[PDB]
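Here the structure comes first, spelled out in structure tokens, and everything after it is commentary.
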Amino acid sequence: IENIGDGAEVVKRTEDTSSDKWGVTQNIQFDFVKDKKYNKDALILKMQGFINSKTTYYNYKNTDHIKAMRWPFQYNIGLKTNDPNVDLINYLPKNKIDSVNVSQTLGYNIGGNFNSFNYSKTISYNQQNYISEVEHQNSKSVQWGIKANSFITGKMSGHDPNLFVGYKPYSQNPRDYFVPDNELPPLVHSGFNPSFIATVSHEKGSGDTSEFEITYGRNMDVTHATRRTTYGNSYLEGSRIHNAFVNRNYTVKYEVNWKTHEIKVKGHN
Amino acid sequence: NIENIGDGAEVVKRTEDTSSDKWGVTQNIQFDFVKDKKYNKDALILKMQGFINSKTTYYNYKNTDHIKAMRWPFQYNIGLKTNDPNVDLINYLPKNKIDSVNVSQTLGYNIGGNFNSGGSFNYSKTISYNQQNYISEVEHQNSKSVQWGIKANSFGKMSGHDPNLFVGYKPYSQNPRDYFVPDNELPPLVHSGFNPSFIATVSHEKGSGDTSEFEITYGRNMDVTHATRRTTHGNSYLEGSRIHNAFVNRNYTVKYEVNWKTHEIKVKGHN
Amino acid sequence: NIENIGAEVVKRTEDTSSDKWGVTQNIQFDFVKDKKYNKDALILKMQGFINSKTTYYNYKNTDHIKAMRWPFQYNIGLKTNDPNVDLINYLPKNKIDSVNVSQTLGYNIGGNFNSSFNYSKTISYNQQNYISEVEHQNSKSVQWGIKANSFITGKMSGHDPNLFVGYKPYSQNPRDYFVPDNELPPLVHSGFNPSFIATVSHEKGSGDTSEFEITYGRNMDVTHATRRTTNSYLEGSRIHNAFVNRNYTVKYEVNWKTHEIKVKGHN
Amino acid sequence: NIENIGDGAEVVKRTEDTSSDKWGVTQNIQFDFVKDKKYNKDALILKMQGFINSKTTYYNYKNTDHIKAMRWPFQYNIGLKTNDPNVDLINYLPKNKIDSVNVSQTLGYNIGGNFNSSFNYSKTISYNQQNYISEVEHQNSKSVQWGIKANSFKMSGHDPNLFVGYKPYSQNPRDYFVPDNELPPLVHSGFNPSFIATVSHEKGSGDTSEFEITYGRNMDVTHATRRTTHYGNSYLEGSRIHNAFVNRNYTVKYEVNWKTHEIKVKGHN
């Protein structure tokens, strides 16, 4: 509990949920804004945690010269509620952004005014080579996509068939058919450390509970590197299956109590 | 009537005019549906006009001849609401607190579901109303509604809360009207009524249902000013006292059902 | 002209035009008077009009090459030299290509600007086919560029050599060598009606006066349409940035004490 | 020393340590120049550390034996400013009102002139302020001044009886006030500042800028007066002289060279 002014106060709550099935950890912060001078209950949701890239390398069937790399072309971050009295009033990042680092602040001033300060929260996350953009949003939900944008190798786009293709056509090790980790962005060799914010208002006295579903996941692409022999000189050529495995998402359902400020994990997949 | 607004987009127009003697309110509503093959949702621009009688009255206080009353509209209410979860409020005018004698704004629409307020627009809609001595501001709003309040603001200078506001000059008259200032000294919103001109724009997710109910409310909050005769140690004068928010939400509410496919408008009911 | 918002906003205004540059600067100076704010605040709403000055003419003494000089970009800038003044906000802040640009600046007692308020100021302008973006800004200035962006003819960028090229290769009228007005966006056939905001703070008591220079202008491109005989037709070439910074600058002096505005000069 | 933080970006480090026996304060400043071709401005991150003695003293009131005094630091002052018009203050930490016992935050930098409050370069602050509260008292494009004042001890830092002792007949003024073991470090010892401010400078506009850094205190005086309900039964009552000694500060002027990176101490008071 933090006093941020006369009559104003922020009740803070948190929840940590992880899944070995999806390779994801959801660290959610629930900051309730109790302000006598605000005609609505307000909750600031800061969504952090980790989404494993689950990048995998493997031989293609029983061949010797075709090997594969399954990697995250896009990371999914989503928040929604079905509570009729709940409205999504702001979210960060709001616009398309490609900065290696995404740092933004949300400010709050007594009287019920947010500025996307008596209280303030911030988000900070890296997306090297990737780009963030809200794919969908309305009064009940917001969905972000953080996808493969541009790579420096010349320069390559996230759709280039030869993206990530390696330099050892004769190696029998699948990992060698693709570029080494030191040449890959963190979102590919390790994963994504999301930092997002969503503020929702709730009509005072319309009901003590609201359920929010927060989804973290990824869409995987498959890059096949095939050995081509010239002069005898050999090299690897890439081909791709785009959106090979989409929406591999971890979803958690949280029920918040506006009166008591209790947080309850209703379920997850 | 249907209007071509360019680029395979059009606007279907509908209007409903409902009046209530009980409330002394006339709701003249315009329904403009925006059909844009380039906008992934249905859209409707609602323009709310009509009239709300001030219903200002004067009367004597019980069993006395030196205390008289003026019951008048301290605030006019204009509200729009819907319970359709498939509908989201896009915009509304006026959006911010505004005290100018005349409120004139424009709603513009550009292909692609682009609405803006404050020949470049594919379609436009305007609002215009007077509120001399009053001030407009949104009382409450969310994804499903918007409520405006047009209240007594400033009238030497006097605020809408000054207890001596409107106190007259005839302390010996038996006519309650003589205890308050003459009509020529009252702004139109007090001696006659209010001529609202508001707009709200909403979107509707397609294929989610062909119907939505919208509840539009027009009304007033009345204050009572009591003028009491006072006499010095021989001349007499009147002194005011107030019962603020004496009669709140004296409103006329009409429930309109809209059909997003046929663009039919039906009055489901009213109070 | 004073609005009560224990705080108030003192409103002032100036209108200055130039037949030399074909510009009218309509500036609103809203002084924020709030005891709970440790600084003087001035909200500048910059409106007016910048004539497009689009012109059509023959190229030298030929009869088959005609030209169109038009505004590739409109310039809007604000700057102050007063070291006690800081530009604290401005709208629009980010790059935007919306046909219409409308935003609001909210103010709440205590020196809280949201780029429900005690006072608000809004901006609204149309820029069909053009795009707005801040080219430079610091604590003392801010400069906007509203340039030719994308056009639906197919589609052409603001840099396409054939943009605006007409349909009448044999007409002797230079206007006919280019598309008619109905096919032209307002920023080309008429001009620009700016609506920009900038809020500046001034250190209390450090000096009763501050000078602000506001610049409205345009950068002009020239498109030459040359008749080519195949049925004949017109082909376009371009001199980009043919006439840059044709700007009208007006210097305004403000008095934080009396709220008196003075036009100290202009070009 | 010099450090590489990325392609075409490095950080030049310089330090200065100046003390004043008179003011009882030491300024340990860190000057990190950020050189990045991907950034069109000269940047400097200043980390201000050192020590400010509380200079807490105890004494008797003139010609009396029942009124004694405690002169202590109600607030510590930390400030930085410059007169160079080519310099703009871009960030400072801590930025918002904060009362946590410890204050730890980080300033992250990313190539291209990107500051965050994961990074090509990083700088952090950490200081304790038990019983006190930090807040920026004034700031603009040329300066920032922090105030670290007495907040809560249960009574406020404005309570006239704050620190009043228990020995109403002792002849030692120290005995008229609570013992050190009952006082927070910022009162009986001093303050260990840890603040950061980042400024920019338009390249080629000048090679030098003068920066004045200020460390000091605002002292309050608490007078404890013996009160006697009846012969032999007494206690001490406090009264305050708030803002008794304001701006008891040690100000040093540092001239930095944006090209050569040399730091010069032009002077101090």
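Protein sequence lines correspond, in order, to chains C, B, D and G. Taking the authors' numbering, I'd label the letters of the first sequence as residues 4 to 119, 129 to 165, 168 to 244, 246 to 284. Taking the authors' numbering, I'd label the letters of the second sequence as residues 3 to 120, 127 to 163, 168 to 245, 247 to 284. Taking the authors' numbering, I'd label the letters of the third sequence as residues 3 to 7, 10 to 119, 128 to 165, 168 to 244, 248 to 284. Taking the authors' numbering, I'd label the letters of the fourth sequence as residues 3 to 119, 128 to 163, 169 to 284. Beta carbons are placed, not taken as given, at the ideal position from N, Cα and C, and that holds for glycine.
For residue i, tell me which candidate among the options has the shortest Cα-Cα distance.
i, options, result
"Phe260 of chain B", "B:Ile92, B:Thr58, B:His245 and B:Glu5", "B:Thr58"
"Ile113 of chain G", "G:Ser209, G:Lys37 and G:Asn233", "G:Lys37"
"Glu277 of chain B", "B:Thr244, B:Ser102 and B:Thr17", "B:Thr17"
"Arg189 of chain D", "D:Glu145, D:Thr237 and D:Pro87", "D:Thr237"
"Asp235 of chain B", "B:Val267, B:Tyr265, B:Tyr181 and B:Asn176", "B:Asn176"
"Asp101 of chain B", "B:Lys279, B:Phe163, B:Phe178 and B:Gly8", "B:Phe163"
"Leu91 of chain D", "D:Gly205, D:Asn207 and D:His216", "D:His216"
"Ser136 of chain D", "D:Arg232, D:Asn104, D:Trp156 and D:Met170", "D:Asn104"
"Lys43 of chain B", "B:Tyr230, B:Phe226, B:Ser220 and B:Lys279", "B:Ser220"
"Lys274 of chain D", "D:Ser249, D:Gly231 and D:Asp222", "D:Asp222"
"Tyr269 of chain D", "D:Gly10, D:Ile4 and D:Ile31", "D:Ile31"
"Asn262 of chain B", "B:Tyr94, B:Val271 and B:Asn79", "B:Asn79"
"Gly247 of chain C", "C:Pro200, C:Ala212, C:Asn85 and C:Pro183", "C:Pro183"
"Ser132 of chain D", "D:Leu109, D:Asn141 and D:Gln155", "D:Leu109"
"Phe33 of chain C", "C:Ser249, C:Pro75, C:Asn264 and C:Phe226", "C:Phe226"
Taking 7 angstroms as the CB-CB cut-off, is residue i touching chain G?
i, result
"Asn116 of chain C", "no"
"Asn104 of chain C", "yes"
Just to confirm the assignment, what range does the alpha helix (DSSP H) spanning residue i have?
i, result
"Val202 of chain G", "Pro200 to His203"
Which chain C residues sit within Cβ distance under 8 angstroms of residue i?
i, result
"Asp90 of chain B", "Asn150 and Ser151"
Just to make sure I have the definition right: I need the residues of chain B whose C-beta is within less than 8 angstroms of the C-beta of residue i. Which are they?
i, result
"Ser132 of chain D", "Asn98 and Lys99"
"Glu217 of chain C", "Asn150"
Any beta carbon of chain D sitting closer than 7 angstroms to that of residue i?
i, result
"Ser128 of chain B", "yes"
"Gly120 of chain B", "yes"
Quick one: which chain D residues come within Cβ less than 7 angstroms of residue i?
i, result
"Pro87 of chain G", "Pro87"
Using a C-beta cutoff of 7 angstroms, does residue i count as contacting chain E?
i, result
"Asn79 of chain C", "This model lacks chain E altogether, as its protein chains are C, B, D and G."
Distance cutoff 7 angstroms, beta carbons only. Does residue i sit that close to anything in chain C?
i, result
"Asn112 of chain G", "yes"
Let me check one thing: in DSSP terms, what residues is residue i bridge-paired to?
i, result
"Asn30 of chain B", "B:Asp19 and B:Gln51"
"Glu252 of chain G", "G:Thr240"
"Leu95 of chain G", "G:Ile211"
"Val261 of chain G", "None, per the DSSP bridge assignment."
"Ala11 of chain D", "The partner list for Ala11 of chain D (beta bridge, DSSP) is empty, contrary to what the question assumes."
"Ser224 of chain B", "B:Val271"
"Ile143 of chain B", "B:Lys159"
"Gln107 of chain B", "B:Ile135"
"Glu217 of chain G", "G:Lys43"
"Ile113 of chain G", "Per DSSP, none; premise fails for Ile113 of chain G."
Starting from residue i, follow the beta strand (DSSP E) in both directions and report where the run begins and ends.
i, result
"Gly81 of chain D", "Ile69 to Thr84"
"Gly157 of chain C", "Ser153 to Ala160"
"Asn138 of chain C", "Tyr131 to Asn138"
"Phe117 of chain B", "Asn116 to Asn118"
"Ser128 of chain B", "No beta strand (DSSP E) holds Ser128 of chain B; DSSP gives it neither H nor E."
"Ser102 of chain G", "Segment: none, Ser102 of chain G is in no beta strand (DSSP E) and carries neither H nor E."
"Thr59 of chain D", "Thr59 to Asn62"
"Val280 of chain D", "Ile278 to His283"
"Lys169 of chain G", "Where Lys169 of chain G is concerned, there is no enclosing beta strand (DSSP E), given that its DSSP letter is neither H nor E."
What residues from chain G crowd round residue i, counting only those whose CB sits closer than 9 angstroms?
i, result
"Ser209 of chain C", "Near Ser209 of chain C there are no residues of chain G at all, since even the closest Cβ is about 11 angstroms away, more than 9 angstroms."
"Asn284 of chain D", "The premise fails here: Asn284 of chain D is roughly 24 angstroms from chain G at the closest Cβ pair, so nothing lies under 9 angstroms."
Since residue i meets chain B, which of its residues come closer than 7 angstroms, beta carbon to beta carbon?
i, result
"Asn93 of chain C", "Those within 7 angstroms of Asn93 of chain C in chain B number zero; the least Cβ separation is about 13 angstroms."
"residue 286 of chain D", "The requested residue 286 of chain D does not occur in the structure, where chain D is confined to residues 3 to 284."
"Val36 of chain D", "Neighbours of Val36 of chain D on chain B: none; closest Cβ ~15 angstroms, over 7 angstroms."
Which bits of chain G does residue i rub up against, with CB to CB less than 8 angstroms?
i, result
"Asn138 of chain C", "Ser128"
"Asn42 of chain D", "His148"
List, in order along the chain, the chain B residues whose C-beta lies closer than 9 angstroms to that of residue i?
i, result
"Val13 of chain D", "Residues of chain B passing the Cβ test: none, with the nearest at roughly 11 angstroms."
Please confirm if residue i has its CB atom under 7 angstroms from at least one CB of chain B.
i, result
"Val280 of chain D", "no"
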